[PDB]
Every structure is written in C-alpha cells, then in structure tokens.
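Just below is one structure, and these are the notes that go with it.
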Amino acid sequence: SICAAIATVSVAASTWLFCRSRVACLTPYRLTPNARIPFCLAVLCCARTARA
Amino acid sequence: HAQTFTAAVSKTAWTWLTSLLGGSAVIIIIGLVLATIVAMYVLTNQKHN
Amino acid sequence: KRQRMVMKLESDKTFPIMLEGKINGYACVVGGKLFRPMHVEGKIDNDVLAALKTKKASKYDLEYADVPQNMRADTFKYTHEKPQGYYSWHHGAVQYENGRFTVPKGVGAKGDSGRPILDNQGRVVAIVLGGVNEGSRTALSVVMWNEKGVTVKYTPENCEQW
C-alpha cells in the first residue's frame, strides 16, 4: 500500500505538471491579438491540434 | 535459527520489486525541472521585448 | 487630435462589464477574439458575446473567447510597431517610454480596466488593466505583444487594480 500510495502521488504530481505545462503553452498563446500562432504551435507542439 | 533478518530473498525478484518504486518519483522530478526550464524560456521570450 | 482619436473610439464598438448596473471594467474584441479582465466582476454589455464560453488565464488574471466569423467581420486592429513617444486612449493622451505607459496624476481608476491604447493609425499597441499613483503622474499596468507574438504584461510593483 505504501509503494502504491507513492506511485499514486507521482501520478497526481505528473498530472499537475501537465496542467501547468498546458498553461505555459497557452500563456504565449493568450490569443494573441492576431488569431495566428502557426509557428508557435509548429515549434512547441504542446498538443491539442489547433485547429483547422 | 538462524532466524535472522536480511530480510530474506529473493535477490533477482527482490531487486525486481524494489526497482518498481521510486521511478515515478524521478519522472515527476524531471518533469518539474523541465517545466521550470520551459517557464524560463517563456520569461526570456517576454523579456525579449 | 484627441478629438479625432475619440471619434475612432466612438466608431470602435466597446462594451462595459455590468454588475448590478455598475461598470466594473470593459471587454472588447481584438484580432477576432474576445478578451475580458477576469479580476473584474460582472458580465459584458453584450448578450451575444456573453453567450460565448470563455477560457481562463490565471497567469495574467484574464479571460478570453473565440468570436464568430460573422462577428469577426469588424474587429480591432493590432500592431507590433510600438516606438517610444506618445499615444492616445479613452482618457486623453498617454506617454509611452521604457515600455511603460504614464499619465498625469488623477487619470485612471478602478473600473477603467479593458481600455486599449491606440497609435496615430488607430492601431492597438497595448491594453490597460490597472495602474498605480506615481507622484505627479501615475504608471499604468498594461499588456502588449511584440513582433514575436509574445504576450507581455507590464505591472508596477504593488500596482492597484484600476
């Protein structure tokens, strides 16, 4: 149970990191005033194929 | 008797199970560092202006 | 000149953030996307835009949403050309220097959030979210975007939500 609990915490931490990672990507994406960030996505490729 | 605490066996298998724990901790440590690194990249990109 | 700038502001469609009949801020559409100050409480003065689901941005304490193409037909025009000098906004003129906007004291206050800053071409260079009294003048907390398309928020130390 101890080992499982530790792994569980690691999974939760990883998820938290992922969410913060998505924020880090979206940060520069704000909009941005332009609606055009092809090249930001092309380089970072954080995911969520955006869009058409 | 005997009756000692090694604890007890079984090498191979002992290591197999031991190795299963801590790996996920290392992963989230690496991810943590990488997240900070990316953050600094963003901060630099902002300071660029 | 300020008159002509106001005329462009009048042509530009802007919508205050209404709460209990009180304007707590402003929200508008630039580059075909809606932006709204999150720290401001209330709803935009536009049911059509209100019908749109927004996304949160804790980093900047802002929300945003995608605008229907038909509504994108006429939105605000942004530029990355941000030379030092003077710009124009709703509350008169503003000095741009060191990448920061400053105006005479007594200008700007809580509820002014969302007011953009325009150049001589009527192009957006920054958006005012807050500010802080700086002696004979006040320093504005703003967001602006460089030629790299990077969102940069300039916030004075201990800046007040204006």
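Residue numbers start at 1 in each chain; chains themselves are named A, B, ... in the order of the structure tokens; ligands are numbered from 1 in the order shown.
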Which residues, written as a VMD selection string, have at least one atom at most 7 Å from region 26-36 of chain B, with only C-alpha atoms counted and residues fewer than 2 positions away on the same chain left out?
(chain A and resid 10 13 to 14 17 21) or (chain B and resid 22 to 24 38 to 40)
May I have the residues from that selection written out with C-alpha atoms, as a PDB file, in the first residue's frame?
ATOM      1  CA  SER A  10       3.667  10.673  -8.504  1.00  0.00           C
ATOM      2  CA  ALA A  13       2.151  15.326  -9.490  1.00  0.00           C
ATOM      3  CA  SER A  14       2.703  14.441 -13.146  1.00  0.00           C
ATOM      4  CA  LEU A  17       2.864  19.307 -14.103  1.00  0.00           C
ATOM      5  CA  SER A  21       2.649  22.739 -18.937  1.00  0.00           C
TER       6      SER A  21
ATOM      7  CA  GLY B  22      10.915   5.476  -6.916  1.00  0.00           C
ATOM      8  CA  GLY B  23      10.971   5.567 -10.716  1.00  0.00           C
ATOM      9  CA  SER B  24       7.748   7.580 -10.847  1.00  0.00           C
ATOM     10  CA  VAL B  38      10.162  25.985 -20.207  1.00  0.00           C
ATOM     11  CA  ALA B  39       8.931  28.711 -17.862  1.00  0.00           C
ATOM     12  CA  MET B  40      12.322  30.416 -18.109  1.00  0.00           C
TER      13      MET B  40
END
Neighbours of chain B in chain A at 12 Å, counting only C-alpha atoms, as an MDAnalysis selection string:
chainID A and resid 1:29 40 44 46
Generate the output file for the selected residues, N, CA, C and O atoms, as a compact mmCIF listing (two decimals), in the first residue's frame.
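Wrote out.txt, looks like this:
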# COMPACT_ATOMS: atom_id res chain seq x y z
N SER A 1 0.82 -1.20 0.00
CA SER A 1 0.00 0.00 0.00
C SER A 1 0.86 1.26 0.00
O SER A 1 0.52 2.25 -0.64
N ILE A 2 1.98 1.20 0.72
CA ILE A 2 2.91 2.33 0.78
C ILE A 2 3.48 2.64 -0.60
O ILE A 2 3.50 3.80 -1.02
N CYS A 3 3.94 1.61 -1.29
CA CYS A 3 4.51 1.78 -2.62
C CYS A 3 3.47 2.27 -3.62
O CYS A 3 3.75 3.13 -4.45
N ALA A 4 2.26 1.73 -3.52
CA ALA A 4 1.16 2.15 -4.37
C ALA A 4 0.79 3.61 -4.12
O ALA A 4 0.52 4.36 -5.06
N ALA A 5 0.79 4.01 -2.86
CA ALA A 5 0.45 5.37 -2.48
C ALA A 5 1.47 6.36 -3.04
O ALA A 5 1.11 7.44 -3.52
N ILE A 6 2.74 5.99 -2.97
CA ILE A 6 3.81 6.82 -3.52
C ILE A 6 3.65 7.00 -5.02
O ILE A 6 3.78 8.10 -5.54
N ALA A 7 3.37 5.90 -5.71
CA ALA A 7 3.14 5.94 -7.15
C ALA A 7 1.93 6.80 -7.48
O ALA A 7 1.94 7.56 -8.46
N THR A 8 0.88 6.69 -6.67
CA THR A 8 -0.32 7.48 -6.85
C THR A 8 -0.02 8.97 -6.77
O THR A 8 -0.49 9.76 -7.59
N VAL A 9 0.78 9.36 -5.78
CA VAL A 9 1.19 10.75 -5.62
C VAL A 9 1.99 11.22 -6.82
O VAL A 9 1.83 12.35 -7.29
N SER A 10 2.87 10.36 -7.33
CA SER A 10 3.67 10.67 -8.50
C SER A 10 2.78 10.94 -9.72
O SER A 10 3.03 11.88 -10.48
N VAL A 11 1.76 10.12 -9.89
CA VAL A 11 0.80 10.30 -10.98
C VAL A 11 0.09 11.64 -10.86
O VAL A 11 -0.06 12.36 -11.85
N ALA A 12 -0.36 11.97 -9.65
CA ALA A 12 -1.03 13.24 -9.40
C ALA A 12 -0.10 14.41 -9.68
O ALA A 12 -0.51 15.41 -10.27
N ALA A 13 1.15 14.29 -9.25
CA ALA A 13 2.15 15.33 -9.49
C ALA A 13 2.41 15.51 -10.98
O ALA A 13 2.50 16.64 -11.47
N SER A 14 2.51 14.40 -11.70
CA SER A 14 2.70 14.44 -13.15
C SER A 14 1.55 15.15 -13.84
O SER A 14 1.75 15.97 -14.73
N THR A 15 0.33 14.84 -13.41
CA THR A 15 -0.86 15.49 -13.95
C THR A 15 -0.83 16.99 -13.69
O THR A 15 -1.13 17.79 -14.57
N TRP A 16 -0.47 17.37 -12.47
CA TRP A 16 -0.33 18.78 -12.11
C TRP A 16 0.71 19.47 -12.99
O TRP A 16 0.49 20.59 -13.45
N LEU A 17 1.83 18.79 -13.22
CA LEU A 17 2.86 19.31 -14.10
C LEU A 17 2.34 19.48 -15.52
O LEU A 17 2.65 20.46 -16.19
N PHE A 18 1.54 18.52 -15.97
CA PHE A 18 0.95 18.58 -17.30
C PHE A 18 0.03 19.78 -17.45
O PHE A 18 0.06 20.48 -18.46
N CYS A 19 -0.79 20.02 -16.43
CA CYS A 19 -1.71 21.15 -16.43
C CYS A 19 -0.95 22.47 -16.46
O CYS A 19 -1.32 23.40 -17.18
N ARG A 20 0.11 22.56 -15.67
CA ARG A 20 0.98 23.73 -15.67
C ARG A 20 1.71 23.87 -17.00
O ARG A 20 1.97 24.98 -17.46
N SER A 21 2.03 22.74 -17.62
CA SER A 21 2.65 22.74 -18.94
C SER A 21 1.70 23.30 -19.99
O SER A 21 2.12 24.06 -20.87
N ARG A 22 0.43 22.93 -19.89
CA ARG A 22 -0.59 23.45 -20.80
C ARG A 22 -0.77 24.95 -20.63
O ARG A 22 -0.97 25.68 -21.60
N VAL A 23 -0.70 25.41 -19.38
CA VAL A 23 -0.72 26.84 -19.09
C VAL A 23 0.49 27.54 -19.70
O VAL A 23 0.36 28.60 -20.32
N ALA A 24 1.66 26.94 -19.53
CA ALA A 24 2.89 27.50 -20.07
C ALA A 24 2.81 27.68 -21.58
O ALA A 24 3.29 28.67 -22.13
N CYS A 25 2.18 26.71 -22.25
CA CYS A 25 1.97 26.79 -23.69
C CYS A 25 0.95 27.86 -24.04
O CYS A 25 1.15 28.65 -24.97
N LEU A 26 -0.15 27.89 -23.30
CA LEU A 26 -1.26 28.79 -23.60
C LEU A 26 -0.89 30.23 -23.29
O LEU A 26 -1.47 31.17 -23.83
N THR A 27 0.09 30.41 -22.40
CA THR A 27 0.48 31.74 -21.94
C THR A 27 0.84 32.64 -23.12
O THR A 27 0.26 33.71 -23.30
N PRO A 28 1.81 32.20 -23.91
CA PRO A 28 2.21 32.93 -25.11
C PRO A 28 1.11 32.91 -26.16
O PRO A 28 1.09 33.74 -27.07
N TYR A 29 0.19 31.96 -26.03
CA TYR A 29 -0.90 31.82 -26.99
C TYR A 29 -2.04 32.78 -26.67
O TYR A 29 -2.97 32.93 -27.46
N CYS A 40 4.30 29.19 -33.42
CA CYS A 40 4.40 28.85 -32.00
C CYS A 40 3.97 27.41 -31.74
O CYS A 40 4.57 26.71 -30.94
N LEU A 44 6.56 24.36 -30.59
CA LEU A 44 6.30 23.80 -29.27
C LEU A 44 5.50 22.51 -29.37
O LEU A 44 5.78 21.53 -28.68
N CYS A 46 2.67 21.58 -28.28
CA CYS A 46 2.22 21.14 -26.97
C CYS A 46 1.09 20.13 -27.09
O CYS A 46 0.94 19.25 -26.23
Tell me which protein, DNA and RNA residues are within 9 Å of residue 42 (chain C), counting only C-alpha atoms, leaving out same-chain ones fewer than 4 positions away, and put them as a JSON list (two decimals) with N, CA and C atoms, in the first residue's frame.
[["chain", "number", "residue", "atom", "x", "y", "z"],
["C", 17, "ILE", "N", -18.41, 46.17, -18.58],
["C", 17, "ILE", "CA", -18.74, 44.98, -17.79],
["C", 17, "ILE", "C", -19.71, 45.32, -16.67],
["C", 18, "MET", "N", -20.98, 44.99, -16.88],
["C", 18, "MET", "CA", -22.05, 45.45, -15.99],
["C", 18, "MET", "C", -22.27, 44.48, -14.84],
["C", 19, "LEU", "N", -22.33, 45.02, -13.63],
["C", 19, "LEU", "CA", -22.74, 44.24, -12.47],
["C", 19, "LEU", "C", -23.61, 45.06, -11.53],
["C", 20, "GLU", "N", -24.86, 44.64, -11.38],
["C", 20, "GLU", "CA", -25.84, 45.41, -10.62],
["C", 20, "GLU", "C", -25.96, 46.83, -11.16],
["C", 22, "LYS", "N", -23.65, 48.55, -12.54],
["C", 22, "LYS", "CA", -22.41, 49.28, -12.35],
["C", 22, "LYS", "C", -21.31, 48.75, -13.27],
["C", 23, "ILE", "N", -20.62, 49.66, -13.93],
["C", 23, "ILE", "CA", -19.50, 49.29, -14.80],
["C", 23, "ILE", "C", -18.24, 49.03, -13.98],
["C", 24, "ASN", "N", -17.77, 47.79, -14.00],
["C", 24, "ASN", "CA", -16.60, 47.40, -13.22],
["C", 24, "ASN", "C", -15.38, 47.23, -14.10],
["C", 25, "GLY", "N", -15.55, 47.47, -15.40],
["C", 25, "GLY", "CA", -14.49, 47.24, -16.37],
["C", 25, "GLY", "C", -15.02, 47.27, -17.79]]
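Here CA of residue 52 (chain C) and CA of residue 125 (chain C) stand 25.4 Å from one another.
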Kindly determine which residues of chain C lie within 10 Å of chain A, considering only C-alpha atoms, and give the answer as a ChimeraX atom specification.
/C:29-35,55-60,62-66,76-80,124-125,144-145,148-152
Residues as selected, N, CA, C and O atoms, written as a CSV table (one decimal), in the first residue's frame, can you do that?
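File result39.csv, as written:
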chain,number,residue,atom,x,y,z
C,29,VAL,N,-13.3,43.1,-28.6
C,29,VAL,CA,-12.8,42.1,-29.5
C,29,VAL,C,-11.6,42.6,-30.3
C,29,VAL,O,-11.7,43.6,-31.0
C,30,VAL,N,-10.4,41.9,-30.2
C,30,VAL,CA,-9.3,42.3,-31.0
C,30,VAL,C,-8.7,41.1,-31.7
C,30,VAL,O,-8.6,40.0,-31.1
C,31,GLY,N,-8.4,41.2,-33.0
C,31,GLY,CA,-7.9,40.1,-33.8
C,31,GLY,C,-8.9,39.0,-33.9
C,31,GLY,O,-8.5,37.9,-34.2
C,32,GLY,N,-10.1,39.3,-33.8
C,32,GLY,CA,-11.2,38.4,-34.0
C,32,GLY,C,-11.4,37.5,-32.8
C,32,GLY,O,-12.0,36.4,-32.9
C,33,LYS,N,-10.9,37.9,-31.6
C,33,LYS,CA,-11.1,37.2,-30.4
C,33,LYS,C,-11.5,38.1,-29.2
C,33,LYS,O,-10.9,39.2,-29.1
C,34,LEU,N,-12.4,37.7,-28.4
C,34,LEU,CA,-12.9,38.5,-27.3
C,34,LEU,C,-11.9,38.4,-26.1
C,34,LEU,O,-11.4,37.3,-25.8
C,35,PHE,N,-11.7,39.5,-25.4
C,35,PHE,CA,-10.9,39.5,-24.2
C,35,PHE,C,-11.6,40.2,-23.1
C,35,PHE,O,-12.3,41.2,-23.3
C,55,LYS,N,-12.4,31.1,-21.8
C,55,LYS,CA,-11.3,30.4,-21.1
C,55,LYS,C,-10.6,31.3,-20.1
C,55,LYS,O,-10.4,32.5,-20.4
C,56,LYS,N,-10.0,30.7,-19.1
C,56,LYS,CA,-9.4,31.4,-18.0
C,56,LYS,C,-7.9,31.5,-18.3
C,56,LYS,O,-7.3,30.7,-18.9
C,57,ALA,N,-7.3,32.6,-17.8
C,57,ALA,CA,-5.8,32.8,-17.9
C,57,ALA,C,-5.3,33.3,-16.5
C,57,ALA,O,-5.0,34.5,-16.4
C,58,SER,N,-5.1,32.4,-15.6
C,58,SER,CA,-4.6,32.9,-14.3
C,58,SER,C,-3.3,33.7,-14.4
C,58,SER,O,-3.1,34.7,-13.7
C,59,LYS,N,-2.4,33.3,-15.3
C,59,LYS,CA,-1.1,33.9,-15.5
C,59,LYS,C,-1.3,35.4,-15.5
C,59,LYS,O,-0.5,36.2,-14.8
C,60,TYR,N,-2.3,35.9,-16.2
C,60,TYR,CA,-2.5,37.3,-16.4
C,60,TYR,C,-3.8,37.8,-15.7
C,60,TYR,O,-4.1,39.0,-15.7
C,62,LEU,N,-6.8,37.0,-16.7
C,62,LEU,CA,-7.6,37.4,-17.8
C,62,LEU,C,-8.5,36.2,-18.3
C,62,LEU,O,-8.1,35.1,-18.2
C,63,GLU,N,-9.6,36.5,-19.0
C,63,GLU,CA,-10.4,35.6,-19.7
C,63,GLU,C,-10.5,35.9,-21.2
C,63,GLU,O,-10.3,37.1,-21.5
C,64,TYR,N,-10.7,35.0,-22.0
C,64,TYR,CA,-10.8,35.2,-23.5
C,64,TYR,C,-11.8,34.2,-24.1
C,64,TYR,O,-12.2,33.2,-23.5
C,65,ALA,N,-12.2,34.5,-25.3
C,65,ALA,CA,-13.1,33.6,-26.1
C,65,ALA,C,-13.0,33.9,-27.6
C,65,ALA,O,-12.7,34.9,-28.0
C,66,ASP,N,-13.4,32.9,-28.4
C,66,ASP,CA,-13.4,33.0,-29.8
C,66,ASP,C,-14.7,33.6,-30.3
C,66,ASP,O,-15.8,33.4,-29.8
C,76,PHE,N,-11.0,44.9,-33.8
C,76,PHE,CA,-9.9,45.9,-33.6
C,76,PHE,C,-8.7,45.4,-34.2
C,76,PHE,O,-8.4,44.2,-34.3
C,77,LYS,N,-7.9,46.4,-34.8
C,77,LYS,CA,-6.7,46.1,-35.5
C,77,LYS,C,-5.4,46.4,-34.6
C,77,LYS,O,-5.2,47.5,-34.1
C,78,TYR,N,-4.7,45.3,-34.3
C,78,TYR,CA,-3.5,45.4,-33.5
C,78,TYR,C,-2.2,45.6,-34.3
C,78,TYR,O,-2.2,45.1,-35.5
C,79,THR,N,-1.2,46.2,-33.8
C,79,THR,CA,0.1,46.3,-34.4
C,79,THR,C,1.2,46.0,-33.4
C,79,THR,O,1.0,46.2,-32.2
C,80,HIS,N,2.4,45.7,-34.0
C,80,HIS,CA,3.6,45.4,-33.1
C,80,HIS,C,4.5,46.6,-33.1
C,80,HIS,O,5.5,46.6,-32.4
C,124,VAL,N,-4.1,49.2,-32.1
C,124,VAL,CA,-3.9,48.9,-30.7
C,124,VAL,C,-2.4,48.5,-30.5
C,124,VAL,O,-1.8,47.7,-31.2
C,125,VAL,N,-1.8,49.0,-29.4
C,125,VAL,CA,-0.5,48.7,-29.1
C,125,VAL,C,-0.4,48.1,-27.7
C,125,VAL,O,0.6,47.4,-27.3
C,144,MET,N,1.0,44.1,-23.7
C,144,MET,CA,1.3,44.4,-25.1
C,144,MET,C,2.1,43.2,-25.7
C,144,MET,O,2.6,42.3,-25.0
C,145,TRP,N,2.1,43.1,-27.0
C,145,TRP,CA,2.6,42.0,-27.7
C,145,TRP,C,3.7,42.4,-28.7
C,145,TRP,O,3.5,43.3,-29.5
C,148,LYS,N,7.3,39.1,-32.0
C,148,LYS,CA,7.4,37.6,-31.9
C,148,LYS,C,6.1,37.0,-31.5
C,148,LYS,O,6.0,35.8,-31.4
C,149,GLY,N,5.1,37.8,-31.3
C,149,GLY,CA,3.7,37.3,-30.9
C,149,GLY,C,3.6,36.9,-29.5
C,149,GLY,O,2.8,36.2,-29.1
C,150,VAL,N,4.6,37.5,-28.7
C,150,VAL,CA,4.6,37.1,-27.2
C,150,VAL,C,3.8,38.1,-26.4
C,150,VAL,O,4.0,39.3,-26.5
C,151,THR,N,3.0,37.5,-25.5
C,151,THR,CA,2.2,38.3,-24.6
C,151,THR,C,3.1,38.8,-23.4
C,151,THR,O,3.6,38.0,-22.7
C,152,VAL,N,3.2,40.1,-23.3
C,152,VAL,CA,4.0,40.7,-22.2
C,152,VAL,C,3.2,41.6,-21.3
C,152,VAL,O,2.6,42.6,-21.8
Taking only C-alpha atoms into account, name the residue in C:115, C:4, C:137, C:100 that is nearest to chain B.
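Going through C:115, C:4, C:137, C:100 one by one, the smallest distance to chain B is for C:100.
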Quick check for you: according to DSSP on this backbone, which residues of chain A are classed as alpha helix (DSSP H)? Reply as JSON, numbers by chain.
{"A": [2, 3, 4, 5, 6, 7, 8, 9, 10, 11, 12, 13, 14, 15, 16, 17, 18, 19, 20, 21, 22, 23, 24, 25, 26, 27, 28, 29, 38, 39, 40, 41, 42, 43, 44]}
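Residue nearest chain B, chosen from C:161, C:98, C:138, C:133 and counting only C-alpha atoms: C:98.
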Which one of C:74, C:45, C:119, C:147 sits closest to chain B if you count only C-alpha atoms?
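Using only C-alpha atoms, the shortest distance to chain B belongs to C:147.
Restricting the calculation to only C-alpha atoms, the smallest distance between chain B and any of C:99, C:40, C:83, C:155 is found for C:99.
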